[PDB]
Structure formats: C-alpha cells, structure tokens
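All ligand and atom numbering here is 1-based and tracks the order in the structure. Residue numbers count from 1 along this sequence.
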Amino acid sequence: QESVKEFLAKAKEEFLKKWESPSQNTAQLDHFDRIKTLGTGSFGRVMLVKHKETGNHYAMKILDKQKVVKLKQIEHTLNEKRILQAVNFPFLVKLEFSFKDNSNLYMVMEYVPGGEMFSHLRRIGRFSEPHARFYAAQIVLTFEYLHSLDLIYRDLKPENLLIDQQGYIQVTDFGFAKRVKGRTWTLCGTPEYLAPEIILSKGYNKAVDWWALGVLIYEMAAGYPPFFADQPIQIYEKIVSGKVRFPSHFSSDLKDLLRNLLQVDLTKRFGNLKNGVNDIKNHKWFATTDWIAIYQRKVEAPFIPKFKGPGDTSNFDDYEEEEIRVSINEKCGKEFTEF
Ligand SMILES: CN1C(=O)c2ccc(F)cc2O[C@@H]2CNC[C@@H]21
C-alpha cells in the first residue's frame with residue numbers, strides 16, 4: 001500500500017535524524033516533586049513525579065549507575081535512551097526529558113494513569129477476543145513501525161503495556177530494545193515470553209517479537225500464558241517442544257493465528273515470511289480490524305480505566321518508598337558520557 005510505504009519511509013527519515021543527534025540533559029531532579037513509586041527493578045525504579053513549574057505529572061525512571069555497571073546493562077541503558085528519544089508513534093510512551101547526575105540516570109516519560117494491562121487482565125480474568133484483538137492490533141502496528149526502523153523491542157509482556165485515558169495501549173520499557181541490521185545474540189526477556197531461538201543461544205532477529213506477540217495474545221485471551229512452570233528450565237523445555245494446548249473457548253481463527261505466531265521454526269513464523277507483517281494483518285482473526293481507524297485512535301475502546309485525574313495512582317500498586325540519593329561524588333562518569 002502506497003500509504004503504508006510513504007508512512008514508513010517518512011517514519012524512518014524522522015527516526016534517523018534524531019538517532020544521529022540525540023538530545024541530552026534536558027531537565028534536573030530538583031525540577032520535580034516526588035510523589036509515589038510506580039514500580040521497581042534490580043537497578044532502577046519508576047516514580048510518579050510532578051514538575052514544579054508546570055504542574056504536569058510524569059513517570060520518572062531512575063537508574064543507579066553503579067548497579068547498571070554491576071549488572072552489565074550499560075549498552076542496554078544507552079540503547080533505551082537513544083531509541084526512546086528518537087521514536088514517535090501513537091502507542092509508544094513518549095520520553096519528555098532525560099538527564100543524569102552524580103549517581104543516577106533519569107528518563108522522564110509521560111505518565112499513563114490507567115496502569116498496567118497486567119492488572120486489568122488479572123482483575124477481569126481474561127479478555128474477550130474483540131478486547132484482546134483491539135490491543136493486539138496496536139502491538140502489530142507498533143512492531144510494524146519499530147521493525148521498519150531496524151529496531152527489535154524484546155520485552156513484550158502485559159506489565160509493559162499501559163492503558164491510557166482513552167483505553168489505548170502505551171508501550172513502555174525500552175531497556176532491551178536495540179537497533180539491529182541482521183541478527184543479535186543477547187539473552188534477555190522474561191522466560192514465559194522468550195522465543196525458542198533465544199533459549200537456544202542462536203543469533204535471532206525481529207521474529208522473536210512476533211513470537212512474543214503470540215504469547216501475549218494467548219495470555220490475553222486465556223488469562224494465563226501458554227508456557228508456564230515453577231522453574232525457568234521447565235518453561236524453556238515447554239517453549240522449545242513445538243506443542244501448545246488451546247482452551248476450547250478459543251475461536252478456530254485465533255488458534256490458527258497462534259499456531260503461526262508460536263511457530264518454533266523462525267523461518268516459518270508469521271511476521272518473518274516474505275510478506276512480513278501483512279501475513280498477520282490479513283489473517284482471518286483480524287478480519288474485523290480497521291487498521292487505519294486503530295492507528296488514528298478512532299475506535300471506541302473496549303475498556304476505559306477508572307481514575308480521578310492525571311495524578312491518580314490507584315491503578316498502580318504499592319511499593320516500599322525509598323530515598324533518591326545523589327552522591328556528593330560523581331560515579332561512573334566515563335561509562336555514561338553518551339547519556
Ligand atoms: C517500566 N514502566 C514504566 O517505565 C512506566 C512508564 C510510564 C508510567 F506511567 C508508568 C510506568 O511504570 C511501569 C511499571 N511497570 C511498567 C512500567
């Protein structure tokens with residue numbers, strides 16, 4: 001389609017201009033009031049903050065430089081910030097500011113008050129197929145966009161998909177996203193979502209994002225992921241096996257799409273064939289989807305999160321509240337020069 005071709009060509013033009021000249025140092029910590037911790041990790045946290053001069057709310061991701069170094073995440077953190085500052089798409093969380101200080105790296109993103117898709121999925125139990133399809137269509141378009149920029153996302157899972165005021169998805173956490181021309185090799189991602197070629201230590205490509213979409217669609221429609229076990233090694237054995245069982249309530253069209261996304265052989269997997277994303281867009285399970293209307297956000301969403309205003313945190317859960325310390329001395333300055 002000429003409209004899609006011209007759209008993706010312009011998208012790549014605009015991405016590359018920002019890719020080649022990244023923004024840096026666009027605010028500082030004392031411009032914000034800290035409100036609440038929205039989420040934690042082994043080297044970082046995400047906190048709701050309010051910008052003192054404008055009153056606007058943001059989600060500030062704070063990465064401890066020393067912990068980033070210890071956990072071997074330097075390149076990944078530079079990838080995350082350089083990619084986020086360069087992309088622009090209706091279903092990607094926007095990076096509004098970034099900066100660093102003696103101790104931390106900061107990525108200040110738009111705050112999405114509806115919370116994580118994970119919470120809503122677990123609260124409702126499972127999404128109906130139209131509801132799952134509305135979210136899956138947004139992911140398909142977002143991956144069409146990212147892959148056309150030579151980016152692989154590598155962290156698709158319900159926790160990373162936030163629901164905005166209009167019920168649409170905002171994808172967050174680019175910590176594993178990477179620009180790749182061909183294959184890449186890092187072991188990263190959440191076990192339940194990993195494609196076989198990641199588990200098997202093979203060079204892999206964008207096909208791992210399409211596998212992860214199969215897992216996500218299965219999880220949204222069933223309420224639980226297709227491969228689960230107590231130990232990651234047991235999950236991995238299930239993933240590599242080439243078998244899966246579908247609930248009887250799945251439509252025949254859904255099962256067919258999922259067999260083609262959860263294809264163990266990456267050279268046969270939908271999204272990675274000659275027709276690329278069009279094998280997915282043209283699949284019968286998406287027959288009711290108006291791709292343009294989704295992109296333009298003109299479809300009424302199946303679900304609107306309940307919240308009181310732009311600073312409401314009720315859709316996020318409670319975490320222990322810890323200090324944001326900034327050392328009197330600069331840590332790891334050389335390692336993070338490019339940030
Ligand atoms: C990693 N991540 C974010 O960066 C993020 C971004 C914006 C936001 F409004 C909240 C938010 O927090 C959650 C917690 N888990 C997924 C999220």
Relative to the heavy atoms of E110, which atoms of ligand 1 are at a distance of less than 4.0 Å? 7 (C), 9 (F)

Examine the proximity of ligand 1 to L48 and report which part, side chain or backbone, both or neither, has a heavy atom under 4.0 Å away. neither

If I compare all heavy atoms of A177 with all of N79, which pair ends up nearest, and what's the gap? O-CB, 3.3 Å

In plain terms, say whether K157 and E219 are close enough for a salt bridge, that is, a side-chain N and a carboxylate O under 4.0 Å apart. no

Min over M60, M109, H57 of heavy-atom distance to atom 4 (O) of ligand 1 lands on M109

Among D317, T172, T40, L95, closest by heavy atom to atom 6 (C) of ligand 1 is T172

Assess the side chains of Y153 and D155: does a donor N or O sit below 3.5 Å from an acceptor N or O? no

Within ligand 1, which atoms have a heavy atom of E159 less than 4.0 Å away? 15 (N), 16 (C)

Measure the distances from the heavy atoms of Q170 to every atom of ligand 1 and state whether one is below 4.0 angstrom. no

With a cut-off of 4.0 Å, which atoms of ligand 1 are near a heavy atom of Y111? 9 (F)

Nearest option to atom 1 (C) of ligand 1, as decided by whichever heavy atom of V93, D173, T37 sits closest: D173

According to side-chain hydrogen bond (donor to acceptor under 3.5 Å, both in side chains), who are the partners of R126, at least two apart in sequence or on a separate chain? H249

For ligand 1, find out whether one of its N or O atoms is nearer than 3.5 Å to an N or O atom of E116. yes

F286 six-ring centre to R133 NZ/CZ under 6.0 Å and within 45° of normal: no

Parallel, tilted or perpendicular: which describes the rings of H51 and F97, with under 30° parallel and over 60° perpendicular? parallel

